[PDB]
Amino acid sequence: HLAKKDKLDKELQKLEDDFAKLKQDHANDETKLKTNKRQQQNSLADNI
Amino acid sequence: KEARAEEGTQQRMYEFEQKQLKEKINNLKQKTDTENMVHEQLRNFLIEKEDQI
């Protein structure tokens, strides 16, 4: 059972690393989109 | 009987534990997929909002 557990527990670190990088990319994309949208709103407000 | 039943119960618990543990890789993949789906929805939202503005 312990060997089963040890073999099962691997391939996990890759899951966490890939998800962490994916979440970093998600946050960067969301921040960029929000900043661009806010800049568009700034342009609209200056026009107004 | 002690020896046999104790080994049997030990294996029962080990197999139940293996059942429980052979889900964490699936859960990590599901978590990554759900994060991707949330990012997809929110990115569509952000792009649509910026385009409308």
# chains A, B, ... in the order shown; residues from 1 in each chain; ligands from 1

$ closest_atom_pairs --of "chain B" --to "chain A" --cutoff "10 Å" --atoms "only C-alpha atoms" --output "JSON lines"
{"residue": "B:10", "atom": "CA", "partner": "A:1", "partner_atom": "CA", "distance": 9.6}
{"residue": "B:11", "atom": "CA", "partner": "A:1", "partner_atom": "CA", "distance": 8.3}
{"residue": "B:13", "atom": "CA", "partner": "A:1", "partner_atom": "CA", "distance": 9.4}
{"residue": "B:14", "atom": "CA", "partner": "A:1", "partner_atom": "CA", "distance": 5.7}
{"residue": "B:15", "atom": "CA", "partner": "A:1", "partner_atom": "CA", "distance": 7.7}
{"residue": "B:17", "atom": "CA", "partner": "A:1", "partner_atom": "CA", "distance": 8.4}
{"residue": "B:18", "atom": "CA", "partner": "A:5", "partner_atom": "CA", "distance": 7.0}
{"residue": "B:21", "atom": "CA", "partner": "A:5", "partner_atom": "CA", "distance": 7.4}
{"residue": "B:22", "atom": "CA", "partner": "A:8", "partner_atom": "CA", "distance": 6.6}
{"residue": "B:23", "atom": "CA", "partner": "A:8", "partner_atom": "CA", "distance": 9.3}
{"residue": "B:24", "atom": "CA", "partner": "A:12", "partner_atom": "CA", "distance": 7.8}
{"residue": "B:25", "atom": "CA", "partner": "A:12", "partner_atom": "CA", "distance": 6.0}
{"residue": "B:26", "atom": "CA", "partner": "A:15", "partner_atom": "CA", "distance": 9.5}
{"residue": "B:27", "atom": "CA", "partner": "A:15", "partner_atom": "CA", "distance": 9.5}
{"residue": "B:28", "atom": "CA", "partner": "A:15", "partner_atom": "CA", "distance": 6.0}
{"residue": "B:29", "atom": "CA", "partner": "A:15", "partner_atom": "CA", "distance": 6.7}
{"residue": "B:31", "atom": "CA", "partner": "A:19", "partner_atom": "CA", "distance": 7.9}
{"residue": "B:32", "atom": "CA", "partner": "A:19", "partner_atom": "CA", "distance": 5.2}
{"residue": "B:33", "atom": "CA", "partner": "A:19", "partner_atom": "CA", "distance": 8.7}
{"residue": "B:35", "atom": "CA", "partner": "A:23", "partner_atom": "CA", "distance": 6.9}
{"residue": "B:36", "atom": "CA", "partner": "A:22", "partner_atom": "CA", "distance": 7.5}
{"residue": "B:38", "atom": "CA", "partner": "A:26", "partner_atom": "CA", "distance": 8.9}
{"residue": "B:39", "atom": "CA", "partner": "A:26", "partner_atom": "CA", "distance": 5.7}
{"residue": "B:40", "atom": "CA", "partner": "A:26", "partner_atom": "CA", "distance": 8.5}
{"residue": "B:42", "atom": "CA", "partner": "A:30", "partner_atom": "CA", "distance": 7.3}
{"residue": "B:43", "atom": "CA", "partner": "A:30", "partner_atom": "CA", "distance": 6.0}
{"residue": "B:44", "atom": "CA", "partner": "A:33", "partner_atom": "CA", "distance": 9.4}
{"residue": "B:45", "atom": "CA", "partner": "A:33", "partner_atom": "CA", "distance": 9.2}
{"residue": "B:46", "atom": "CA", "partner": "A:33", "partner_atom": "CA", "distance": 5.6}
{"residue": "B:47", "atom": "CA", "partner": "A:33", "partner_atom": "CA", "distance": 6.2}
{"residue": "B:48", "atom": "CA", "partner": "A:37", "partner_atom": "CA", "distance": 9.0}
{"residue": "B:49", "atom": "CA", "partner": "A:37", "partner_atom": "CA", "distance": 6.5}
{"residue": "B:50", "atom": "CA", "partner": "A:37", "partner_atom": "CA", "distance": 3.9}
{"residue": "B:51", "atom": "CA", "partner": "A:37", "partner_atom": "CA", "distance": 7.4}
{"residue": "B:52", "atom": "CA", "partner": "A:37", "partner_atom": "CA", "distance": 8.8}
{"residue": "B:53", "atom": "CA", "partner": "A:41", "partner_atom": "CA", "distance": 5.7}

$ write_last_selection --atoms "N, CA, C and O atoms" --output "compact mmCIF listing (two decimals), in the first residue's frame"
# COMPACT_ATOMS: atom_id res chain seq x y z
N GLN B 10 -6.63 -5.45 6.78
CA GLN B 10 -5.55 -4.55 6.39
C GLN B 10 -5.60 -4.26 4.90
O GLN B 10 -5.45 -3.11 4.47
N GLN B 11 -5.83 -5.30 4.10
CA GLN B 11 -5.92 -5.10 2.66
C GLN B 11 -7.18 -4.34 2.27
O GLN B 11 -7.16 -3.54 1.34
N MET B 13 -8.63 -1.98 4.08
CA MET B 13 -8.34 -0.58 4.36
C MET B 13 -7.33 -0.01 3.37
O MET B 13 -7.48 1.13 2.92
N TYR B 14 -6.31 -0.79 3.01
CA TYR B 14 -5.34 -0.31 2.04
C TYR B 14 -5.99 -0.04 0.69
O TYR B 14 -5.70 0.97 0.05
N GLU B 15 -6.89 -0.92 0.26
CA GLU B 15 -7.56 -0.75 -1.02
C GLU B 15 -8.54 0.41 -0.99
O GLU B 15 -8.67 1.15 -1.97
N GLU B 17 -8.15 3.05 0.89
CA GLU B 17 -7.26 4.20 0.87
C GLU B 17 -6.73 4.46 -0.54
O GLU B 17 -6.60 5.61 -0.96
N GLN B 18 -6.40 3.39 -1.27
CA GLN B 18 -5.95 3.54 -2.65
C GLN B 18 -7.05 4.11 -3.53
O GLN B 18 -6.80 4.97 -4.38
N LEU B 21 -7.14 7.79 -2.73
CA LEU B 21 -5.98 8.55 -3.18
C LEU B 21 -5.89 8.64 -4.70
O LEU B 21 -5.36 9.62 -5.23
N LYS B 22 -6.40 7.64 -5.41
CA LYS B 22 -6.30 7.66 -6.87
C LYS B 22 -7.37 8.59 -7.43
O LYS B 22 -8.10 8.23 -8.36
N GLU B 23 -7.46 9.78 -6.85
CA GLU B 23 -8.33 10.85 -7.34
C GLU B 23 -7.65 12.21 -7.35
O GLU B 23 -8.23 13.15 -7.90
N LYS B 24 -6.46 12.36 -6.77
CA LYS B 24 -5.88 13.69 -6.61
C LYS B 24 -5.33 14.23 -7.92
O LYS B 24 -5.39 15.44 -8.16
N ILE B 25 -4.77 13.37 -8.78
CA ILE B 25 -4.34 13.81 -10.10
C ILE B 25 -5.55 14.28 -10.91
O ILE B 25 -5.51 15.33 -11.58
N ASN B 26 -6.64 13.52 -10.85
CA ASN B 26 -7.87 13.93 -11.51
C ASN B 26 -8.37 15.25 -10.96
O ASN B 26 -8.85 16.11 -11.71
N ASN B 27 -8.29 15.44 -9.64
CA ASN B 27 -8.75 16.68 -9.04
C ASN B 27 -7.88 17.86 -9.46
O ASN B 27 -8.38 18.95 -9.70
N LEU B 28 -6.56 17.65 -9.54
CA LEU B 28 -5.68 18.71 -10.02
C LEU B 28 -6.01 19.08 -11.46
O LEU B 28 -6.05 20.27 -11.81
N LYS B 29 -6.23 18.08 -12.32
CA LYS B 29 -6.59 18.38 -13.70
C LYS B 29 -7.94 19.09 -13.78
O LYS B 29 -8.10 20.03 -14.57
N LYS B 31 -9.22 21.00 -11.48
CA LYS B 31 -8.97 22.35 -10.99
C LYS B 31 -8.35 23.23 -12.06
O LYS B 31 -8.76 24.38 -12.26
N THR B 32 -7.35 22.70 -12.78
CA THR B 32 -6.75 23.46 -13.86
C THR B 32 -7.77 23.76 -14.96
O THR B 32 -7.82 24.88 -15.49
N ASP B 33 -8.60 22.78 -15.30
CA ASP B 33 -9.62 22.98 -16.32
C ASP B 33 -10.65 24.01 -15.89
O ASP B 33 -11.10 24.83 -16.70
N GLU B 35 -10.15 26.46 -13.73
CA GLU B 35 -9.48 27.76 -13.81
C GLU B 35 -9.43 28.26 -15.25
O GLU B 35 -9.65 29.44 -15.51
N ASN B 36 -9.15 27.36 -16.20
CA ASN B 36 -9.16 27.74 -17.61
C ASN B 36 -10.54 28.20 -18.05
O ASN B 36 -10.67 29.18 -18.79
N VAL B 38 -12.97 29.46 -16.13
CA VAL B 38 -13.24 30.74 -15.49
C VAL B 38 -12.50 31.86 -16.22
O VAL B 38 -13.05 32.93 -16.47
N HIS B 39 -11.23 31.62 -16.56
CA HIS B 39 -10.47 32.61 -17.31
C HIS B 39 -11.10 32.86 -18.67
O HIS B 39 -11.15 34.00 -19.12
N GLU B 40 -11.57 31.81 -19.34
CA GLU B 40 -12.22 31.98 -20.63
C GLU B 40 -13.45 32.87 -20.51
O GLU B 40 -13.61 33.83 -21.27
N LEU B 42 -14.31 35.00 -18.08
CA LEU B 42 -13.99 36.36 -17.65
C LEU B 42 -13.23 37.13 -18.71
O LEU B 42 -13.36 38.35 -18.80
N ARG B 43 -12.45 36.44 -19.54
CA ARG B 43 -11.73 37.11 -20.62
C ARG B 43 -12.69 37.51 -21.74
O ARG B 43 -12.55 38.59 -22.32
N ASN B 44 -13.66 36.65 -22.06
CA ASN B 44 -14.71 37.05 -22.98
C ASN B 44 -15.45 38.27 -22.43
O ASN B 44 -15.73 39.22 -23.16
N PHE B 45 -15.74 38.24 -21.13
CA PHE B 45 -16.39 39.38 -20.49
C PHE B 45 -15.56 40.65 -20.64
O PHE B 45 -16.09 41.70 -21.03
N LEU B 46 -14.27 40.58 -20.33
CA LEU B 46 -13.41 41.76 -20.38
C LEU B 46 -13.27 42.28 -21.80
O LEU B 46 -13.32 43.50 -22.03
N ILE B 47 -13.08 41.39 -22.77
CA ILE B 47 -12.95 41.81 -24.16
C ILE B 47 -14.23 42.47 -24.64
O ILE B 47 -14.21 43.51 -25.29
N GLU B 48 -15.38 41.86 -24.31
CA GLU B 48 -16.66 42.44 -24.70
C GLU B 48 -16.85 43.82 -24.08
O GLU B 48 -17.31 44.75 -24.74
N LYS B 49 -16.50 43.96 -22.80
CA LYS B 49 -16.66 45.24 -22.12
C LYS B 49 -15.77 46.31 -22.74
O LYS B 49 -16.21 47.44 -22.97
N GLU B 50 -14.50 45.97 -23.01
CA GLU B 50 -13.60 46.94 -23.62
C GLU B 50 -14.09 47.33 -25.01
O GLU B 50 -14.03 48.51 -25.39
N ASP B 51 -14.56 46.36 -25.79
CA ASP B 51 -15.07 46.66 -27.13
C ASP B 51 -16.28 47.57 -27.06
O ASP B 51 -16.41 48.52 -27.84
N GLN B 52 -17.19 47.30 -26.12
CA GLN B 52 -18.37 48.15 -25.97
C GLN B 52 -17.99 49.56 -25.53
O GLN B 52 -18.58 50.54 -25.99
N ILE B 53 -17.00 49.68 -24.65
CA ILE B 53 -16.56 51.01 -24.21
C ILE B 53 -15.92 51.77 -25.37
O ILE B 53 -16.13 52.98 -25.53

$ atom_distance --atom1 "atom CA of residue B:19" --atom2 "atom CA of residue B:1"
26.4 Å

$ decode --residues "stretch 14-48 of chain A" --atoms "N, CA, C and O atoms" --output "PDB file, in the first residue's frame"
ATOM      1  N   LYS A  14       3.817  18.229 -11.331  1.00  0.00           N
ATOM      2  CA  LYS A  14       3.592  18.811 -12.648  1.00  0.00           C
ATOM      3  C   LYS A  14       2.205  19.433 -12.750  1.00  0.00           C
ATOM      4  O   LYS A  14       2.052  20.505 -13.345  1.00  0.00           O
ATOM      5  N   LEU A  15       1.186  18.782 -12.184  1.00  0.00           N
ATOM      6  CA  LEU A  15      -0.152  19.362 -12.184  1.00  0.00           C
ATOM      7  C   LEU A  15      -0.161  20.719 -11.493  1.00  0.00           C
ATOM      8  O   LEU A  15      -0.668  21.706 -12.040  1.00  0.00           O
ATOM      9  N   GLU A  16       0.396  20.787 -10.281  1.00  0.00           N
ATOM     10  CA  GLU A  16       0.423  22.068  -9.570  1.00  0.00           C
ATOM     11  C   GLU A  16       1.235  23.119 -10.320  1.00  0.00           C
ATOM     12  O   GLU A  16       0.827  24.281 -10.397  1.00  0.00           O
ATOM     13  N   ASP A  17       2.391  22.746 -10.871  1.00  0.00           N
ATOM     14  CA  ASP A  17       3.206  23.729 -11.581  1.00  0.00           C
ATOM     15  C   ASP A  17       2.477  24.266 -12.806  1.00  0.00           C
ATOM     16  O   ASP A  17       2.438  25.483 -13.044  1.00  0.00           O
ATOM     17  N   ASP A  18       1.890  23.369 -13.601  1.00  0.00           N
ATOM     18  CA  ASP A  18       1.169  23.795 -14.792  1.00  0.00           C
ATOM     19  C   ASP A  18      -0.022  24.663 -14.425  1.00  0.00           C
ATOM     20  O   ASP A  18      -0.283  25.677 -15.080  1.00  0.00           O
ATOM     21  N   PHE A  19      -0.758  24.290 -13.375  1.00  0.00           N
ATOM     22  CA  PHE A  19      -1.891  25.109 -12.965  1.00  0.00           C
ATOM     23  C   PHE A  19      -1.441  26.471 -12.458  1.00  0.00           C
ATOM     24  O   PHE A  19      -2.117  27.474 -12.691  1.00  0.00           O
ATOM     25  N   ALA A  20      -0.320  26.527 -11.738  1.00  0.00           N
ATOM     26  CA  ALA A  20       0.176  27.808 -11.250  1.00  0.00           C
ATOM     27  C   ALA A  20       0.545  28.722 -12.408  1.00  0.00           C
ATOM     28  O   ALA A  20       0.186  29.906 -12.423  1.00  0.00           O
ATOM     29  N   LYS A  21       1.257  28.184 -13.402  1.00  0.00           N
ATOM     30  CA  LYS A  21       1.597  28.998 -14.565  1.00  0.00           C
ATOM     31  C   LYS A  21       0.346  29.407 -15.333  1.00  0.00           C
ATOM     32  O   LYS A  21       0.247  30.542 -15.817  1.00  0.00           O
ATOM     33  N   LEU A  22      -0.623  28.496 -15.449  1.00  0.00           N
ATOM     34  CA  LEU A  22      -1.870  28.813 -16.133  1.00  0.00           C
ATOM     35  C   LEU A  22      -2.623  29.925 -15.418  1.00  0.00           C
ATOM     36  O   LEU A  22      -3.171  30.824 -16.061  1.00  0.00           O
ATOM     37  N   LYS A  23      -2.671  29.874 -14.086  1.00  0.00           N
ATOM     38  CA  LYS A  23      -3.349  30.915 -13.324  1.00  0.00           C
ATOM     39  C   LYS A  23      -2.613  32.242 -13.430  1.00  0.00           C
ATOM     40  O   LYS A  23      -3.242  33.304 -13.473  1.00  0.00           O
ATOM     41  N   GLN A  24      -1.279  32.208 -13.463  1.00  0.00           N
ATOM     42  CA  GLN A  24      -0.522  33.436 -13.688  1.00  0.00           C
ATOM     43  C   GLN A  24      -0.865  34.041 -15.043  1.00  0.00           C
ATOM     44  O   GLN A  24      -1.070  35.255 -15.165  1.00  0.00           O
ATOM     45  N   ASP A  25      -0.936  33.201 -16.077  1.00  0.00           N
ATOM     46  CA  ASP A  25      -1.318  33.685 -17.400  1.00  0.00           C
ATOM     47  C   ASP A  25      -2.737  34.240 -17.391  1.00  0.00           C
ATOM     48  O   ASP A  25      -3.012  35.273 -18.013  1.00  0.00           O
ATOM     49  N   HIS A  26      -3.649  33.561 -16.697  1.00  0.00           N
ATOM     50  CA  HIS A  26      -5.026  34.033 -16.601  1.00  0.00           C
ATOM     51  C   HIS A  26      -5.084  35.402 -15.941  1.00  0.00           C
ATOM     52  O   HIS A  26      -5.786  36.305 -16.411  1.00  0.00           O
ATOM     53  N   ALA A  27      -4.356  35.568 -14.835  1.00  0.00           N
ATOM     54  CA  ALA A  27      -4.344  36.846 -14.135  1.00  0.00           C
ATOM     55  C   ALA A  27      -3.752  37.941 -15.009  1.00  0.00           C
ATOM     56  O   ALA A  27      -4.279  39.058 -15.058  1.00  0.00           O
ATOM     57  N   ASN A  28      -2.655  37.643 -15.707  1.00  0.00           N
ATOM     58  CA  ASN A  28      -2.057  38.640 -16.588  1.00  0.00           C
ATOM     59  C   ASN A  28      -3.024  39.045 -17.692  1.00  0.00           C
ATOM     60  O   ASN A  28      -3.181  40.237 -17.985  1.00  0.00           O
ATOM     61  N   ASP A  29      -3.689  38.068 -18.312  1.00  0.00           N
ATOM     62  CA  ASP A  29      -4.626  38.375 -19.386  1.00  0.00           C
ATOM     63  C   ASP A  29      -5.805  39.191 -18.872  1.00  0.00           C
ATOM     64  O   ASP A  29      -6.230  40.155 -19.517  1.00  0.00           O
ATOM     65  N   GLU A  30      -6.349  38.815 -17.712  1.00  0.00           N
ATOM     66  CA  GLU A  30      -7.471  39.557 -17.150  1.00  0.00           C
ATOM     67  C   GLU A  30      -7.069  40.982 -16.802  1.00  0.00           C
ATOM     68  O   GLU A  30      -7.817  41.929 -17.067  1.00  0.00           O
ATOM     69  N   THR A  31      -5.889  41.154 -16.200  1.00  0.00           N
ATOM     70  CA  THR A  31      -5.421  42.494 -15.866  1.00  0.00           C
ATOM     71  C   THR A  31      -5.221  43.331 -17.119  1.00  0.00           C
ATOM     72  O   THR A  31      -5.593  44.508 -17.153  1.00  0.00           O
ATOM     73  N   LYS A  32      -4.635  42.742 -18.162  1.00  0.00           N
ATOM     74  CA  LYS A  32      -4.438  43.475 -19.407  1.00  0.00           C
ATOM     75  C   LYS A  32      -5.771  43.874 -20.025  1.00  0.00           C
ATOM     76  O   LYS A  32      -5.938  45.010 -20.484  1.00  0.00           O
ATOM     77  N   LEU A  33      -6.736  42.952 -20.039  1.00  0.00           N
ATOM     78  CA  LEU A  33      -8.047  43.258 -20.598  1.00  0.00           C
ATOM     79  C   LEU A  33      -8.726  44.372 -19.815  1.00  0.00           C
ATOM     80  O   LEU A  33      -9.294  45.302 -20.399  1.00  0.00           O
ATOM     81  N   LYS A  34      -8.679  44.292 -18.484  1.00  0.00           N
ATOM     82  CA  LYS A  34      -9.311  45.313 -17.659  1.00  0.00           C
ATOM     83  C   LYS A  34      -8.636  46.665 -17.843  1.00  0.00           C
ATOM     84  O   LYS A  34      -9.310  47.698 -17.910  1.00  0.00           O
ATOM     85  N   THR A  35      -7.304  46.681 -17.929  1.00  0.00           N
ATOM     86  CA  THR A  35      -6.593  47.938 -18.136  1.00  0.00           C
ATOM     87  C   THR A  35      -6.932  48.545 -19.491  1.00  0.00           C
ATOM     88  O   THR A  35      -7.131  49.759 -19.601  1.00  0.00           O
ATOM     89  N   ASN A  36      -6.996  47.718 -20.536  1.00  0.00           N
ATOM     90  CA  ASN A  36      -7.351  48.228 -21.855  1.00  0.00           C
ATOM     91  C   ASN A  36      -8.779  48.760 -21.872  1.00  0.00           C
ATOM     92  O   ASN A  36      -9.054  49.811 -22.464  1.00  0.00           O
ATOM     93  N   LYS A  37      -9.700  48.049 -21.221  1.00  0.00           N
ATOM     94  CA  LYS A  37     -11.076  48.519 -21.130  1.00  0.00           C
ATOM     95  C   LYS A  37     -11.157  49.839 -20.370  1.00  0.00           C
ATOM     96  O   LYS A  37     -11.905  50.745 -20.757  1.00  0.00           O
ATOM     97  N   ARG A  38     -10.393  49.965 -19.285  1.00  0.00           N
ATOM     98  CA  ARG A  38     -10.403  51.202 -18.513  1.00  0.00           C
ATOM     99  C   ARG A  38      -9.788  52.348 -19.304  1.00  0.00           C
ATOM    100  O   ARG A  38     -10.227  53.494 -19.185  1.00  0.00           O
ATOM    101  N   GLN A  39      -8.772  52.062 -20.119  1.00  0.00           N
ATOM    102  CA  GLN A  39      -8.212  53.093 -20.987  1.00  0.00           C
ATOM    103  C   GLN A  39      -9.215  53.520 -22.051  1.00  0.00           C
ATOM    104  O   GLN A  39      -9.300  54.705 -22.398  1.00  0.00           O
ATOM    105  N   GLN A  40      -9.980  52.568 -22.586  1.00  0.00           N
ATOM    106  CA  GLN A  40     -11.042  52.920 -23.523  1.00  0.00           C
ATOM    107  C   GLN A  40     -12.085  53.801 -22.849  1.00  0.00           C
ATOM    108  O   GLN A  40     -12.564  54.780 -23.436  1.00  0.00           O
ATOM    109  N   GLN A  41     -12.450  53.464 -21.611  1.00  0.00           N
ATOM    110  CA  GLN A  41     -13.367  54.309 -20.853  1.00  0.00           C
ATOM    111  C   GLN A  41     -12.773  55.690 -20.615  1.00  0.00           C
ATOM    112  O   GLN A  41     -13.493  56.692 -20.636  1.00  0.00           O
ATOM    113  N   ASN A  42     -11.466  55.760 -20.361  1.00  0.00           N
ATOM    114  CA  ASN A  42     -10.812  57.052 -20.180  1.00  0.00           C
ATOM    115  C   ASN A  42     -10.900  57.888 -21.449  1.00  0.00           C
ATOM    116  O   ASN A  42     -11.166  59.094 -21.393  1.00  0.00           O
ATOM    117  N   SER A  43     -10.668  57.262 -22.602  1.00  0.00           N
ATOM    118  CA  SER A  43     -10.803  57.972 -23.871  1.00  0.00           C
ATOM    119  C   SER A  43     -12.229  58.472 -24.060  1.00  0.00           C
ATOM    120  O   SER A  43     -12.453  59.626 -24.447  1.00  0.00           O
ATOM    121  N   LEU A  44     -13.210  57.611 -23.779  1.00  0.00           N
ATOM    122  CA  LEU A  44     -14.606  58.014 -23.912  1.00  0.00           C
ATOM    123  C   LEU A  44     -14.938  59.172 -22.979  1.00  0.00           C
ATOM    124  O   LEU A  44     -15.639  60.111 -23.367  1.00  0.00           O
ATOM    125  N   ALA A  45     -14.444  59.119 -21.741  1.00  0.00           N
ATOM    126  CA  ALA A  45     -14.740  60.166 -20.770  1.00  0.00           C
ATOM    127  C   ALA A  45     -14.078  61.483 -21.151  1.00  0.00           C
ATOM    128  O   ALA A  45     -14.668  62.552 -20.971  1.00  0.00           O
ATOM    129  N   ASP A  46     -12.845  61.431 -21.659  1.00  0.00           N
ATOM    130  CA  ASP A  46     -12.204  62.650 -22.138  1.00  0.00           C
ATOM    131  C   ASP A  46     -12.970  63.236 -23.315  1.00  0.00           C
ATOM    132  O   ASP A  46     -13.158  64.457 -23.401  1.00  0.00           O
ATOM    133  N   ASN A  47     -13.426  62.377 -24.229  1.00  0.00           N
ATOM    134  CA  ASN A  47     -14.258  62.849 -25.328  1.00  0.00           C
ATOM    135  C   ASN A  47     -15.526  63.504 -24.803  1.00  0.00           C
ATOM    136  O   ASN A  47     -15.948  64.550 -25.307  1.00  0.00           O
ATOM    137  N   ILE A  48     -16.146  62.901 -23.788  1.00  0.00           N
ATOM    138  CA  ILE A  48     -17.372  63.451 -23.220  1.00  0.00           C
ATOM    139  C   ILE A  48     -17.111  64.812 -22.592  1.00  0.00           C
ATOM    140  O   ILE A  48     -17.886  65.758 -22.779  1.00  0.00           O
TER     141      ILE A  48
END
